[PDB]
2 protein chains.
Amino acid sequence: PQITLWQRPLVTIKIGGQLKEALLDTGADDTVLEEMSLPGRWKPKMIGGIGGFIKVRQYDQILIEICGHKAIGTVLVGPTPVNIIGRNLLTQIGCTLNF
Amino acid sequence: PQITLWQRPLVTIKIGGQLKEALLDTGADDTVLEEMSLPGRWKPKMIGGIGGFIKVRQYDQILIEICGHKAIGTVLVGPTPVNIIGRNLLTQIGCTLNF
Ligand SMILES: CC(C)(C)OC(=O)N[C@@H](Cc1ccccc1)[C@H](O)CN[C@@H](Cc1ccccc1)C(=O)N[C@@H](CCC(=O)O)C(=O)N[C@@H](Cc1ccccc1)C(N)=O
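Method information in the entry identifies X-ray crystallography as the source of the structure, with 1.98 Å recorded as the resolution.

With that settled, the discussion passes to the overall build of chain A. Across its full length, chain A holds 1 helix and 9 strands. Taken from the N to the C terminus, the helices and strands of chain A come in the order β-β-β-β-β-β-β-β-α-β. The globule rule puts the C-alpha radius of gyration for 99 residues at 13 Å, and the 13 Å found for chain A is close to it. In terms of principal-axis extent, the alpha carbons of chain A reach across some 40 × 30 × 20 Å. Residue burial in chain A is summarised as follows: out of 99 residues, 46% are buried. Contacts in chain A between residues far apart in sequence, at least 24 positions, make up 48% of those at least 6 positions apart. As displayed, chain A has an accessible area near 4,800 Å², and 52% of this comes from carbon and sulfur atoms. Across chain A, the centroid of the 10 positively charged side chains sits 5 Å from that of the 8 negatively charged ones.

Residues annotated in UniProt with the feature "active site" correspond here to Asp25 of chain A. Here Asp25 of chain A shows up in the loop between β3 (18–24) and β4 (32–33).

On to the packing of aromatic side chains, then. This structure, assessed with the given rule, holds 0 aromatic pairs over all chains. Above the plane of the ring of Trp42 of chain A lies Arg57 of chain A, whose end atom (NZ or CZ) is 5.5 Å from the centre.

Right, let's talk about the relation of the copies chain B and chain A for a bit. Relative to chain A, chain B is turned by 180° and slid 0.1 Å along the rotation axis, the superposed coordinates differing by an RMSD of 0.2 Å. Taken together, the rotation and translation describe the operation of a two-fold axis. Take the interface residues of chain B: 95% of them recur as interface residues in chain A, which is what a same-surface contact looks like.

As a further point, take the sheet that holds strand β1 (residues 2–3) of chain A. In spatial order, the strands read β1(A)-β9(B)-β9(A)-β1(B); together these 4 strands make up an open sheet with antiparallel pairing. Of all strands in the sheet, those bounded by a partner on one side alone are β1 of chain A together with β1 (2–3) of chain B. Note: strand β9 (residues 96–98) of chain A against β1 of chain B, 2 bridges, orientation antiparallel. Counted as the bridge partner of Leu97 of chain A is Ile3 of chain B from β1 of chain B.

All names here are of chain A. If you check the backbone angles, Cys67 has positive phi at about 50° while not being a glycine. Within the secondary structure, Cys67 sits in the loop between β6 (53–66) and β7 (69–77). For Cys67, a relative accessible area of 39% corresponds to the partly exposed category.

What follows is about the site of the ligand. Near the ligand you find 27 residues, and of these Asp25, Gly27, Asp30 and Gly48 of chain A together with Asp25 of chain B are the closest. Neighbouring residues of the ligand are distributed over chains A and B. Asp29 of chain A is positioned such that a nitrogen or oxygen atom in its backbone is 3.0 Å from an oxygen atom of the ligand. Contact between the ligand and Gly27 of chain B: a nitrogen atom at 2.8 Å from a main-chain N or O atom of the residue. Contributions of two or more residues to the shell around the ligand are made by β5 (43–48) of chain A together with β5 (43–49) of chain B. Its residues placed into classes, the shell around the ligand shows 15 nonpolar, 6 polar and 6 charged.

Right, let's talk about the interface of chain B and chain A for a bit. In this complex, chain B contributes 38 residues to the contact, which on the side of chain A involves 38 residues. Both faces considered, chain B and chain A share a buried interface measuring about 3,600 Å² in area, 63% of it formed by carbon and sulfur atoms. Across the contact surface, chain B and chain A share 2 salt bridges. Between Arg8 of chain A and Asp29 of chain B there is a salt bridge, with the nearest N and O atoms lying 2.8 Å from each other. Linking chain B with chain A are 19 residue pairs in polar contact. Where the side of chain B that touches chain A is concerned, the elements lending two or more residues are β1, β3 (18–24), β5, β6 (52–66), α1 (87–90) and β9 (96–98) of chain B. Split into classes, the residues belonging to the side of chain B that touches chain A amount to 19 nonpolar, 15 polar and 4 charged.

Rules used in this analysis
- Residues numbered from 1 in each chain as written, not as in the entry; some residues may be left out.
- Chains lettered and ligands numbered in written order.
- Heavy atoms only, no water.
- Helix = DSSP H or I, 4+ residues; strand = E, 2+ residues; numbered from the N terminus.
- Rg over C-alpha atoms; globule rule 2.2 N^0.38 Å.
- Buried < 20%, exposed > 50% of the residue type's maximum accessible area, 1.4 Å probe, protein only.
- Contact = heavy atoms within 4.5 Å.
- Areas by Shrake-Rupley, 256 points an atom, 1.4 Å probe, with all protein chains shown as cover.
- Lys, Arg positive; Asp, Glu negative; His and termini not counted.
- Charge placed at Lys NZ, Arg CZ, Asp CG, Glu CD.
- UniProt positions renumbered as here; feature names shortened; annotations may be inferred.
- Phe/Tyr/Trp six-rings, centres within 6.5 Å; stacked < 30°, edge-to-face > 60°.
- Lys NZ or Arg CZ within 6 Å of the ring centre and 35° of its normal.
- Least-squares fit on C-alpha atoms.
- Pairing = 2+ DSSP bridges.
- Near = heavy atom within 4 Å.
- Polar contact = N/O pair within 3.5 Å; in protein donor to acceptor, adjacent residues only side chain to side chain.
- Nonpolar A, V, L, I, M, F, W, Y, C, P; charged D, E, K, R; others polar.
- Buried area = accessible area lost by both parts, 1.4 Å probe.
- Salt bridge = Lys/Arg side-chain N within 4 Å of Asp/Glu carboxyl O.

Below, the structure is given as structure tokens:
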């Protein structure tokens, strides 16, 4: 699809059998989900944003469905206020900016 | 034009007589620029992202040129690590997400 930006580019995703809303973020290298019940092993990570920094949980090769389009890749889980879909997944589902 | 997301979607902006590089960010409601010589009156403000919050200086009705495209709007100035073009200005240049 095509999405205009008058509103947040919020979308439905499905991950670890659960349905969640998530923001399509071109300013994010990574995908960061709020605290959630995810299965598998992980590795400790530190990431940065406008406010400062937070510690995440690195989940690799995780399946996720974004607006009907499936992708596998790294998913970070931590103290973020919004679920964020970053370029590691945005490239996957073939998403582009247009103007 | 069309911008894929294999690399950060960085663009050349001109503002206040000066040339900078700014990141096209669909996850940002607002435009936030690093500290810069900007003329005029402004108003304190507090904003948040991953990591926490920063206080910015708010400039209303500032002209800015993005990849050739002229737009006028609010620009925020403060301790952001990088230049961010937000949805307030992204609408003004007809920018959309596509996938
Ligand atoms: C900037 C304002 C107007 C306050 O909006 C946001 O903060 N919007 C955020 C959405 C949000 C919604 C609700 C609540 C809080 C936040 C986006 O995530 C903003 N996108 C960029 C804004 C930005 C870019 C560059 C520098 C500072 C700030 C971002 O933080 N991108 C992060 C997303 C998190 C992530 O990718 O894991 C990023 O790529 N961070 C990199 C790059 C980096 C590294 C170290 C320091 C600074 C940046 C990283 N791997 O840490």
